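Enquirer: Questions regarding the structure given below will be posed in turn.
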Ligand SMILES: [Zn+2]
């Protein structure tokens, strides 16, 4: 977080609570955190894309392509409108055991 | 590892030695990086730094092939601005290049330079 | 433009005639006379008295310096003496310099080639920002300030104010920042560039070293703070701030259009002149260079050698004085020139040489006559433009004395306890044995002796002879570079030798606390570079020591040297009489 | 072009001065006992269009390229090649720089382009970032490349056309970067525009002007800046650089080692190249060229034949002088070829 403050973000969301980056809360090696830090304090506006892009695209280079638009409000009725930015690539093969029946060795029934 | 021909590292008996007779002595930045202690060893042994090897005997070429043991104090800056300290003992260019193969971080040249002018075939 | 207070920390206590000099200067300067000359020798605290006049006048001040060695020292001392007020520094931002000259006798054409620095242009832009942000500002500058520059009003028009909780669109702020030459660089954060991260923007000015976060909330500034760019240590926080351009030649687009039209006029005139002269190759080279530069900063804005077209930015006609740093100061400002005895003659000689090389360029197809107009200020236009002019030097300059009618103020007396050297005059011949005996007797103190000659041949003959009989000697030549005598300074502070010899490379920043005896050899002969000022300069160099001595050898005696010796002796007598009453030991603070 | 060679009016002897050679200002090589050589003395003149010829594999390449070009490259510009088996090169005080251009069939990867390896694309990005819009949008020259992840959209995957990218619509630039309309054009617009009509562009700015002007001097301004190497025919990969690799320090005796333009370009293209060579040799340049044709080296002023017979039957100089001089000698087949047609 000291390095993050040196870079400059002014936002953070850790341990389930949102803070400015200048305010680091308590952290422990035995404590588990779902770290989902904040990057900005913007909101929806007309013709504000040039703003919101600058909030997300650079984050795409730091969060490894992870960014959401969560409620950060009280009611939390829907789970953040399922808004985030079962599927698996795996590998393509038929004779190889990469993608065949692991038990029957890919042979016919 | 039979290669083409030995003596190919310094096969010139008439060039100006101060003008980089040996290929590592003529690099973009490593040129001076090796010329420093190689001229130091030339001054120590007693063969000239620029005179062609025909006014001098061929013993100059032979003694730059075999060189001598021990090390001397040496350090210089290159054109690129870096500062490398090649502090090692080399027995002439034949073992100096072998030291380059066994020491350098350039995994390409450490086998590029072996082929043209080093002949160490399988004895067994 | 708001007048502040010159909060000066002065732990040094004024002694004796210093207040008398200060209020004499006040009484002279309040009369409104355009010509003022002050005699302040080396070591007399000229910086302190100049700063005191600055405090009393409460006006922006411009200090005129002839070289980097004096200018940098004056700048750092003046910064130290004024904590709160933004003391400044303004010199050419080039370490290596090669002027574009054309020697016709040897047909040698030396082009524009330099070595850009990074720690001096930031100080220049700090100077401009402080000058046009607060009235209580002091700026010390070298001759590069009298070269081409931008107008103060146009550059001030681009300074933009900001505050916490104000209506400021991000797009407009970024456009204004880029228009004042701040390229938005994100991954790399360096001076002249700013980065953006989320709703925050990290900005670094062209004058300050610490970064600043400007945090927004929609189309409105949320807050502003300072931070260290690397360590991240919080210092302070402010509500309002102002931003300034990162180059000195910023103005409105219509001024760019007018400058372009003036460039077209100048290039047409030069092309016609070169076509009449028949110098096709030189005209072609000049035309390609001008097309390149003019088109590429018409499309971008930044180039090399834009100063040649600075006149076109200034809106002034040919032959008029180019806009300089004194225009930045208002008409109610104070200017002072330091070391004027070698600064004003330097101004004249440098203007002559630059105008000769500029004729050799423009006439022989290298630059437009606008480059001739882009020059150090000529003395006629200098007098036409300056106001209450104050001079300051170790010796009374003949030009200053003629301008002032001979009436001056003398403050060369040192309360610190410095006296002029003793004088011994001997014939040119029969001196080497005496010099050897004196150096053998004096070498127990391990000091240094400076000697001079006329030209190189017998000088080097003396050097190798005097290293032959058993003394370590060092010599100076006509092409002395910085390293070869900075190492001399290092090894003399290491005490590695005892004697230096030099002809002309001795008047520029070669200060040494342990030089007692100086020898002048056959300098009585006429010379454009060996008149009385060099002898008085060496006399003062010996004087700065606790106990100086000059050994002066002449075949013939001229009036200049004897009048200089007489005035030096009478000033030394006055200083001794003053110091006999001020017997307190020096107390530096 | 092949017909234009025979009915030339341009592939003629074109008699030069041939006296710009100098008895002292001249390079020599002796004692080269290479496996392909014998140890003969080759006398290279300076300030001329000297051409080294002979049967390939008889030692001409091992002497001119493996020995000479190697030594002047490694200790006259800063290269790394081994000198090889020889003894002497003279005129060290009369030489300043050397440039070697190989045959080099190297165009196979889409990454390599006639503007990317030449070192001009980075300067193009710098110039485009010098625009106000690129400054306000925070786009840097490195950001403004097409190989780094910053400037390439994931939809194209970097190739521009996959049916092209839906977002780019056949332009190979994302919308967040295409907004930079410097001089009314973008990078895609400049790349699409042909160099022949772009000769008026980049005229003020010096380096791109020099590159484009020398490319046009070659006469093949049909290529685009970002042309992928799979679409470039083998042989012309280094021609574009070789255009700018023929005038350094304007002395201009700086020696340039030339490959064979016969590989690829036909004799009319080689005669346009010859016009360029002759013009800048009159300016003062020096070229050492291994060649295969007849009239192109007949235009030259000095011919050196190394080895009449292939293999071990060569390795020795058999002629050195004016092309008509070697033509009169019934020993070098190069001269014999230059003699049957005059
Ligand atoms: Zn795309």
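Numbers here mean position along the shown chain, with the first residue as 1.
Determined via electron microscopy, 3.7 Å.
Positions of Cβ are set from backbone N, Cα and C atoms, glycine also.
Straight from Swiss-Prot, here's the annotation block:
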BINDING   C:40, C:41, C:42, C:43, C:44, C:45, C:46, C:47  ATP binding site
DOMAIN    C:27-413  domain 'Helicase ATP-binding'
DOMAIN    C:431-584  domain 'Helicase C-terminal'
MOTIF     C:93-116  motif 'Beta-hairpin'
Enquirer: Within 8 Å of the centroid of the Cβ atoms of C:40, C:41, C:42, C:43, C:44, C:45, C:46, C:47, which other residues of that chain place their own Cβ, given that this set defines the recorded ATP site?
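Expert: Other same-chain residues with Cβ inside the cutoff are C:49, C:394, C:412, C:414.
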Enquirer: Taking 10 A as the limit, how many CB atoms besides its own sit near the CB of residue C:46 (ATP binding site)?
Expert: 22
Enquirer: Could you tally the C-beta atoms, other than its own, that fall within 10 angstroms of the C-beta of residue C:43 (ATP binding site)?
Expert: 17
Enquirer: Look up residue C:41 (ATP binding site) in the DSSP assignment and reduce it to helix, strand or coil.
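Expert: The three-state answer is coil.
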Enquirer: Given the binding-site residues C:40, C:45, and counting only Cβ atoms in the protein chains shown, which has the most within 10 Å of its Cβ?
Expert: C:40
Enquirer: Where DSSP helix means H, G or I and strand means E or B, what are the helix, strand and coil counts for the motif 'Beta-hairpin' (C:93-116)?
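Expert: Helix, strand, coil within the motif 'Beta-hairpin' (C:93-116): 0 helix, 15 strand, 9 coil.
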Enquirer: Mind telling me which of the binding-site residues C:42, C:44 has the densest Cβ neighbourhood, counting other Cβ atoms within 10 Å?
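Expert: In terms of Cβ crowding, the pick is C:44.
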Enquirer: For residue C:47 (ATP binding site), which residues of its chain lie six or more apart in sequence with Cβ-Cβ distance below 8 Å?
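Expert: The list for residue C:47 (ATP binding site) reads C:74, C:77, C:78, C:81, given in order along the sequence.
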Enquirer: According to DSSP, collapsed to three classes, what secondary structure does residue C:46 (ATP binding site) have?
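Expert: Note: residue C:46 (ATP binding site) is helical by DSSP.
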Enquirer: Which ones in the same chain are close to residue C:41 (ATP binding site), with CB under 8 Å and 6+ residues apart in sequence?
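Expert: Correct list: C:394, C:395, C:412, C:414, C:540, C:543.
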